[PDB]
Amino acid sequence: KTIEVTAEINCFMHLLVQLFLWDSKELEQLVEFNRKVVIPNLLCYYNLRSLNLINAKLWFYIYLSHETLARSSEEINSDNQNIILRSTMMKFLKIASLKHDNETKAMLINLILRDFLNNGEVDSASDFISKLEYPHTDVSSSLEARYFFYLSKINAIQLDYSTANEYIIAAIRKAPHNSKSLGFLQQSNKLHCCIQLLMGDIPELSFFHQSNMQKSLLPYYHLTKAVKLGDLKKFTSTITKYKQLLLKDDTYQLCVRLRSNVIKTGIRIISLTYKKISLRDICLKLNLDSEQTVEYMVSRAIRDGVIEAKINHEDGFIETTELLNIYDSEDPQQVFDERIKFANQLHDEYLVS
Amino acid sequence: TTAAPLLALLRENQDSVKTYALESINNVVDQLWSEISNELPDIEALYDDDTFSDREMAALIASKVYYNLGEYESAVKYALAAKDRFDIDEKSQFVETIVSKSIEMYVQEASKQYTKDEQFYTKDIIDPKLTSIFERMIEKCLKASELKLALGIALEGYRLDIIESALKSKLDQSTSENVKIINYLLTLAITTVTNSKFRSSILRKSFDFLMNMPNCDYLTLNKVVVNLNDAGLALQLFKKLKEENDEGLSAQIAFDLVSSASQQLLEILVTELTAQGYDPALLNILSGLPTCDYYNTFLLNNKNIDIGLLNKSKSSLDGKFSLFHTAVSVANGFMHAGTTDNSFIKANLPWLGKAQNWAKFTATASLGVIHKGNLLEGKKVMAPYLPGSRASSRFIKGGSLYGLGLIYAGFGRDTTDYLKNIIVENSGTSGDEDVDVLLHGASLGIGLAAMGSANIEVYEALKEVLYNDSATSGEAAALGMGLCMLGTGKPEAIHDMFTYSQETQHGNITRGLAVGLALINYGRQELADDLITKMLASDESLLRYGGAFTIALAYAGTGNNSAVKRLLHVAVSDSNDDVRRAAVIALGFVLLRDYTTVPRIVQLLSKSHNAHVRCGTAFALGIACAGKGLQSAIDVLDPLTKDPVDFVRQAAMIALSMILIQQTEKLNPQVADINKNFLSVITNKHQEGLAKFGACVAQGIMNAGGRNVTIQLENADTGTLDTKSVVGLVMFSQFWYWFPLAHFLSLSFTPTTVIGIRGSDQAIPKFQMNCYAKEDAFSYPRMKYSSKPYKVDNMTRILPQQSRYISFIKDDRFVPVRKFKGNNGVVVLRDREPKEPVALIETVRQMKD
Amino acid sequence: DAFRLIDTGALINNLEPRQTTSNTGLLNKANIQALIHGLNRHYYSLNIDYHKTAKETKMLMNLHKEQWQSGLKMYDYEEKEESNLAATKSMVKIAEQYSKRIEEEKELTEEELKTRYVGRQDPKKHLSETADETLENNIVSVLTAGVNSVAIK
Amino acid sequence: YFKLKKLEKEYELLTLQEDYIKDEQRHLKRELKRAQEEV
Amino acid sequence: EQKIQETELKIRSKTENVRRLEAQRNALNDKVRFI
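Residues numbered from 1 in each chain as written, not as in the entry; some residues may be left out. Chains lettered and ligands numbered in written order. Part of a larger assembly, values for the part shown. Heavy atoms only, no water.

Its PDB header attributes the entry to cryo-EM and lists the resolution as 4.2 Å.

## Some thoughts on the overall build of chain A
Scanning chain A for helices and strands turns up 19 helices and three strands. Taken over the C-alpha trace, chain A has a radius of gyration of 26 Å; the compact-globule value for 353 residues is 20 Å, which it surpasses by more than 25%. Oriented by its inertia axes, the alpha-carbon framework of chain A measures out at about 85 × 55 × 35 Å. Out of the 353 residues in chain A, the part that is buried amounts to 36%. Across chain A, the fraction of contacts at a sequence separation of at least 24, relative to all contacts at a separation of at least 6, is 60%. As displayed, chain A has an accessible area near 23400 Å², and 55% of this comes from carbon and sulfur atoms. (Helix = DSSP H or I, 4+ residues; strand = E, 2+ residues; numbered from the N terminus. Rg over C-alpha atoms; globule rule 2.2 N^0.38 Å. Buried < 20%, exposed > 50% of the residue type's maximum accessible area, 1.4 Å probe, protein only. Contact = heavy atoms within 4.5 Å. Areas by Shrake-Rupley, 256 points an atom, 1.4 Å probe, with all protein chains shown as cover.)

## Re empty space enclosed by the protein
Roughly 260 Å³ of volume is contained in the largest cavity. Around the largest cavity, the lining is made up of 18 residues, and of these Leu605(B), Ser608(B), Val613(B), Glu24(D) and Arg25(E) lie nearest the centre. Going through the elements one at a time, α34 (561-573) and α35 (577-590) of chain B, α1 (2-38) of chain D together with α2 (14-34) of chain E are the ones with two or more residues in the lining of the largest cavity. Element by element, the count of residues in the lining of the largest cavity is highest for α1(D), at seven residues. (1 Å grid on protein atoms, 1.4 Å probe; cavity = no way out; pocket = protein on both sides within 12 Å on 5 of 7 lines; lining within 4 Å. Points joined across faces, edges and corners; volume = space filled by probe spheres on them.)

## Let's talk about the packing of aromatic side chains
Throughout the structure, instances matching the rule amount to 33 aromatic pairs over all chains. For the ring pair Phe20(A) and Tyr61(A), a centre distance of 6.4 Å and an interplane angle of 65° mean the geometry is edge-to-face. Here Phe20(A), found in the loop between α1 (2-19) and α2 (29-36), pairs with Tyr61(A), found in the loop between α2 and α3 (63-67); they are 41 residues apart in sequence, far enough to count as distant. On the basis of relative accessibility, which here comes to 24%, the residue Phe20(A) falls in the partly exposed class. Under the relative-accessibility criterion, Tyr61(A) is labelled partly exposed at 41%. With a centroid separation of 6.4 Å and an interplanar angle of 90°, the aromatic rings of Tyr114(B) and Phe120(B) are classed as edge-to-face. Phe120(B) shares its class with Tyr114(B); the two are buried. (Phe/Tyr/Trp six-rings, centres within 6.5 Å; stacked < 30°, edge-to-face > 60°.)

## Focus: the environment of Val564(B)
With respect to the element layout, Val564(B) can be found in helix α34. The spacing of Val564(B) and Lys379(B) is 185 residues in sequence and 44 Å in space, taken between C-alpha atoms.

## A word on the side chain of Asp306(B)
Residue and element names in this part refer to chain B. Examined against the element boundaries, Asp306 turns out to sit in the loop between α17 (289-301) and α18 (307-314). At 2.8 Å, the side chain of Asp306 forms a polar contact with the side chain of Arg707. Residues in contact with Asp306, not counting those within four places in the same chain, are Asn703, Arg707, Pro781 and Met783. (Polar contact = N/O pair within 3.5 Å; in protein donor to acceptor, adjacent residues only side chain to side chain.)

## Here's the deal with the environment of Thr21(C)
Residues and elements named next belong to chain C. Summarising the element assignment, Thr21 is placed in the segment before α1 (54-63). What makes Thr21 exposed here is its relative accessible area of 60%. A C-alpha to C-alpha distance of 33 Å links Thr21 and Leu63, two positions 42 residues apart in sequence.

## Section: the interface of chain E and chain B
Between chain E and chain B, the contact holds 11 residues from the first and 17 residues from the second. Buried surface at the junction of chain E and chain B, both sides included, amounts to about 1200 Å², of which 50% is carbon and sulfur. Per-residue buried area on chain E facing chain B is highest for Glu1(E), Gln2(E) and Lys3(E); these three make up 50% of the total on that side. Our count for the chain E to chain B interface comes out at six residue pairs in polar contact. Elements represented by at least two residues in the side of chain E that touches chain B include exactly α1 (2-10) and α2 of chain E. Examining the composition of the side of chain E that touches chain B, we find that seven residues originate from one element, α2(E), more than from any other. (Buried area = accessible area lost by both parts, 1.4 Å probe.)

## Some points on a negative patch on the surface
A cluster of acidic residues, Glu243(B), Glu244(B), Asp246(B), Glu247(B), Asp279(B) and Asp761(B), forms a negative patch on the protein surface. Residue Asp761(B) is classed as partly exposed on the basis of its relative accessible area of 45%. (Patch = residues over 30% accessible without salt bridge, like charges linked within 9 Å, V, L, I, M, F, W, Y side chains within 5 Å. Salt bridge = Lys/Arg side-chain N within 4 Å of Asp/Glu carboxyl O. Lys, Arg positive; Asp, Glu negative; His and termini not counted. Charge placed at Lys NZ, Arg CZ, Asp CG, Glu CD.)

## Examining the arrangement of the chains
In this view chain A stays clear of chain C, with the nearest C-alpha atoms of the two still 13 Å from each other. Separated in space, chain A and chain D share no contact, their closest pair of C-alpha atoms being 14 Å apart.

## Some words on the UniProt feature "domain: PCI" in chain A
The positions UniProt marks with the feature "domain: PCI" are residues 145-325 of chain A. Within residues 145-325 of chain A, the helical portion is 63% and the strand portion 7%, while the C-alpha atoms at the span's ends are 40 Å from each other. (UniProt positions renumbered as here; feature names shortened; annotations may be inferred.)

## Some words on the pairing of strand β2 (residues 308-312) of chain A
Looking along a regular strand, one sees side chains alternate from face to face of the sheet. All names here are of chain A. Direction of pairing for β2 relative to strand β3 (residues 317-321): antiparallel, over a ladder of five bridges. Among the inter-strand pairings, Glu308 is bridged to a residue of β3, identified as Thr321. As consecutive antiparallel partners, β2 and β3 are separated by four residues, and within that stretch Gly316 has a phi angle of approximately 75°, a positive value. (Pairing = 2+ DSSP bridges.)

## A few points about the environment of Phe33(A)
All names here are of chain A. Tracing the chain through its elements places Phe33 in helix α2. What makes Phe33 exposed here is its relative accessible area of 52%. Along the sequence, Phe33 and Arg49 sit 16 residues apart, while their C-alpha atoms lie 26 Å from each other.

## Details of the pairing of β3(A)
Bridge analysis of strand β1 (residues 276-278) of chain A against β3(A) gives three bridges, and the strand direction is antiparallel. Paired with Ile277(A) across the two strands is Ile318(A), which belongs to β3(A).

## Here's the deal with the packing of helix α33 (residues 547-554) of chain B against α35(B)
All names here are of chain B. Following both chains from N to C, one finds α33 and α35 inclined at 5°, their axes separated by 8 Å at the closest point. In terms of their interaxial angle, α33 and α35 are classed as roughly parallel. Along its contact with α33, which presents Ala548, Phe549, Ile551 and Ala552, the element α35 presents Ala582, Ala583, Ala586, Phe589 and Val590. Here the residues of the contact of α33 with α35 sort into nine nonpolar, no polar and no charged. (Axes fitted to C-alpha atoms, helices over the stretch in contact; angles between N-to-C directions. Parallel < 35°, antiparallel > 145°, perpendicular 65-115°, else oblique. Nonpolar A, V, L, I, M, F, W, Y, C, P; charged D, E, K, R; others polar.)

## Some details on unusual backbone geometry
All names here are of chain A. One non-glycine residue, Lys25, adopts positive backbone phi at about 55°. Mapped onto the elements, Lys25 comes out in the loop between α1 and α2. Residue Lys25 is classed as exposed on the basis of its relative accessible area of 64%. The residue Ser73 is not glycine, and still its phi comes out positive at about 60°. As for its position among the elements, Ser73 is in the loop between α3 and α4 (80-94).

## Brief notes about the nonpolar core
Residue and element names in this part refer to chain B. Membership of the largest hydrophobic core comes to 118 residues, with the highest contact counts inside it found for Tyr402, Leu448, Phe589, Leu621, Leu637 and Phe732. Broken down by element, this core gets its largest block of residues, 10 residues, from helix α39 (residues 646-659). For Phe589, the residues in contact, after removing those within four places along its chain, are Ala552, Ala556, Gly557, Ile623, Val726, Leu729 and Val730. (Core = buried A, V, L, I, M, F, W, Y, C linked by side-chain atoms within 4.5 Å.)

## A closer look at the pattern of salt bridges
Two side chains bearing opposite charge may form a pair once their charged atoms approach each other closely. Taken as a whole and assessed by the stated rule, the structure comprises 39 salt bridges over all chains. Two residues, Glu73(B) and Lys77(B), come together in a salt bridge whose shortest N-O distance is 3.7 Å. Within this pair, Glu73(B) and its partner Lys77(B) are both found in helix α5 (residues 73-82), separated by four residues, close to a single helical turn. Given the relative accessible area of 38%, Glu73(B) is considered partly exposed. Among the salt bridges present, the one from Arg12(E) reaches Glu8(E), with a minimum N-O distance of 3.5 Å. We classify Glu8(E) as partly exposed; its relative accessible area is 23%. When salt bridges with common partners are traced through the structure, they connect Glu28(A), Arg71(A) and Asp79(A) into a single cluster.

The following block contains the structure:
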């Protein structure tokens, strides 16, 4: 019955193109009708040549419209169709034998991760990461960038920019398609710059100027000068005017995390090079915000890995260091094992070639 | 939505609340298990509490967590201890997973305990919770009305109770269904499990089902006796014929036992029969007297020599010293094998006159293959050269002794004592070369005549000749003893022949011992590893040359992963070209059962910088694929014909001869340039010697036996490995080393014939089964089933493979038993009405019998 | 080379030619090709092999390699190779300088990707010169560097 | 089930073949080095 | 019943590893033959 079911799905996938962004039928009967045409053993026993014939790429942007101001309209707690969808979604992975499953495994997790990004808890999503990791060979180049996009965003909420760094690099290099290079790339580039917001670098606009429109260039340019110069007044006015753009991208959390980075980045911008820095010179610098926070401000920045200094309360100064040394014995050997580790990523090219 | 409110009650008191809690948790485990995985230490801690009676609920909840974690072993142990949540009747992706998870786990745990004890399935060594799974799984398979799924699981389970119990109760016998089902258990026993003790039980227990004779099959049971070579199963077959007296059944069963069994087992059935009583009609059956007559009489009625290709091949040039006459003498004995045609000697004076001693030694001994099969007049051909009939010269007189053993080989028990006194008489001293030549032919004659029979006198008599360190007759002594020592052998002859190799240093003697030490070990497998280790540790290339054949013969048939790895390791590290060639040739004897992997192994070795690497890969591909299919092996031999190396062309053309037998006429359309290059290389004098002599040998193999008999190795006729065929190919692996050994190929030829005889007395009637198929009888090199009649189905060329498309009609006076058995050796279809108008025509063998 | 006379006789015996690569004379070519059939007399067909005992084979395998530094490889070539390592560092830099200059002019002059260029294998020659030489220079600066110190205490 | 068990044995013979190809790969480089030294 | 079908689908992944070793040796041993 594999050919008979596949022949019927061939006519079903043609209708799903209309159901996606084109013809939505009814906002009530359709979501109940699309459920009864899937469950009755379309995925069957995994006999032969079974993949890409399910919904998969089509339903990502469909069900999100029915949940927001369509079927629910904040009249209920959650869509009963989505509750059953979460039951069918997690049942698809439970019955999977982990044999030929590559692309179909990573697409369903994209729903449970995206749901936690808007309404939900992302702490439980860390447990799914251990199950989510598989060497998927069937994922198309369009979905390889999206698979790396969600993995980098979850680590941002977890306060780790080091792990999310490797995922976001391969995300912008993939998805050559035009629609993925406009809406998906501009949203991904803002998340790539968000990693630099937590790192403290925030490079200038060179490649990102012509790659995206002026919509994403305005907030990043104002946040660049605000974090670098260490001005909380200009940083506060940026959040208020650009709040409309910050809410849709779930970037509104920068009012705390990135606000703490305004002080940390401004430390390296101003010159601490001299050893004994008097308390009055610190209060004058960084406008008046550095006057209220002096000893505590430097204390946490040292342990976090920004700078290395020493505070003396007796004479009222702070001994600072710029981290400058000369390679002699153990100094150059620290990067020796790192440069070898940097080449380990290139040692896999022997099996690829 | 979240399991947090459900997991909070897990650490609380009042387990009665946990009764309804675990019921509500178990439903959402298939979803929220990712969050539950952090509470696993709290779940397993409450499981060991005696006052906690809900542990059965936590057994299934904790099992589902590891179900999606990737480790299915932890979920099985927790579900079985509760003895409730495990239900084979429930069909679901989760339930069927833990039920099927214990299949391979039961096999892996039983295989480790199988070494210590084979009775483990009757004890508590295996977990009873895992044991009940194997018992309940068969109960589900019996309800599905499928015996292949039930017996397939019990085969890997190393349990003999389920195999016999599930098979016996299902016997409703249709009469044709459960005779075939027994064949699946016996085929998957020896061909898969390498242990002889495990397969021995399957072979013996399958005999009890057919004991009561509910229309049983005696052919499959005869193949069982050949494998084990047990005296109990052999005498049990005659025990059923003692109480039940039928002249048709008692004779037909003895016809298979004499053809299928080797020389060692054949002598056991003859001696042990007298004690329990014998049938005087079966005394001549096991003696092989009709077998020798069916070989000669077959070739007399249908006879095509095709001398036009033979006369043209030898008329090209009279040069090349005596190698030209020796090369054509090899193909001379093949074409006339069993024909008893002297036309080469009688009709041509000059070609015999220019030959030397060893060239006439080849031509005179060629009559042994030509006259092979004649147990009476075969001696009268050698009459003038007899010991005391003198001779034309003492060099040719030695050739009459080698040709005498070719005819009587295996039947030469009387010739063995005839040649024993000749060796002892000349064993005192030999001062000349020719006195060793006369003794050389005597040692090879007694070795072939006594081949397959253990004789301490032959081993002792040839030891004195070998002790004299003779470069001619001493080499045959080491090779002659190995033929009597075939089979398991004795450990005393292993150390004596091995130590003598390192004591006295001689190449041909060591090669005679290396091949000898390879022949004394047959089917021993791991039992011969003691002698194999001594050959691999020695740095001498002569000992390592024959070390590959020791692994080939002992591990022949069922192969070993460690034994094949040893043969591939020698051809790599060692730089000797002759050892690398001999190492890959030994791979063919192990792969004789499965020929699909043969062309894949030699394909990578077909391209190499060394010329000798391609040499051994040509024959090893042609050893198994000779009498078989898979014409793709010819494509591997195609580029070897263009190699400027002359020996490589000789390696390819000879291998093309054995594989293409009866394959001509548009089936594999390579015969245009292959049959043309035979006369093309001989005519052109610009080619080399090895390339020209290879065309003569390959030309005689296609015409061997008058284009009628074929070389059969591991076919349905015998059903097992042919001892005389394997040994003949081992000797065939040496060309330029000492002197041409191709004369030993006569033991690999078998006639293909369909004759019904009768149920009582020998007849050989001439009739036709009238079945349509492709015509291989009229297809010969020149100068689909429609159920339709055919011209003549009697003898001609036929073929074992294409015979299966030829059935047997019941419209004649003969009644079939097995409905076209299909074995040309045993034949003898049952006749329920002797002396009927079947148009009987007596053959020429009735004069001497 | 050798010679052995035959003249009358020496026949009616074992097989002389069949041993090693005899039965020849394709064109005139064999050995020195001044011989053809007769050679000196009758084509004795020399066969030159060698056989040694277990003691003789054990010697030349371990004894003969290149020269004798053996039994300790550490300090013998350590000072000699380290003293020239300063000059070796400068010489291996020139080899890399001429590496990419060949590949740069290789792809610059070909807009076709066809053969008018009698270039039947163009790339693999210059690609191996930039590979095998690079593969030669790096391994001698690593495998030797492991034993170049090995000081410990 | 008979054909399925035969396919399992086919890949078992290829298991030893995979490790054996690497044996000739390292052994050929030793013979290839001798060919380069002859040049 | 499952592991009969499970083993069939798992052994198909080893086919790709065979073609990688065959193509690696063909580009090597053929060069030595020319030398």
